[PDB]
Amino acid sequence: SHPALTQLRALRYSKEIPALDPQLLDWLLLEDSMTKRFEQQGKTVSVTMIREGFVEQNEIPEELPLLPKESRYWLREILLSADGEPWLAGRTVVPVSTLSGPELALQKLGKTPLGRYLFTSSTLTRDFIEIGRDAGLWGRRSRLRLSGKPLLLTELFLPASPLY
């Protein structure tokens, strides 16, 4: 798709959280998407849609080991911009079994940027967070649960983002 997503997917992620500046840790560990924290930089946050749709297991080789094995997944790839400047690449993989209740909205976001602010009646927890780095750029990979139901979110922080 876009080279930022290719890069994102190929980061070598692990559960090692490096010994980083606390403010950088707070960015990487945030138990939410980056949308509202990027807005708090004094920015309007927008989505560039790279791909979204239902896919089979063969299009989620990175996420499949980390999710239930089932027939279909919602796959969403975006670039996230702040005042029009790309700051993040995001890749979300949602098993269809997660798409129930308020979490049906995960397939209906369109250009609305993901975040907990959209899920005002759903618990959010995180099963794990992995960190990776490539070419000087940080990425992270999380298995999230919304009302107990899993999804995979992988994010790559692009060079203009405030992490750097």
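Residue positions are given as counts along the sequence shown, with the first one as 1.
150-158 and 11-19 differ in mean CA B-factor, and the higher of the two is recorded for 11-19.
For the pair 34-42 and 91-99, the record assigns the higher mean C-alpha temperature factor to 34-42. When the Cα B-factors of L109, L66, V47, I129 are read from the PDB record, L109 comes out highest. The PDB entry assigns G139 a C-alpha temperature factor belonging to the lowest third of its chain's modelled residues. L163: CA B factor lies in the highest third for its chain, per the PDB record.
In the deposited entry, the Cα temperature factor of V55 places it in the middle third of its chain's modelled residues. The deposited CA B-factor of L124 belongs to the highest third of values across its chain.
Annotation for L28: C-alpha temperature factor in the middle third relative to the rest of the modelled chain, per the entry.
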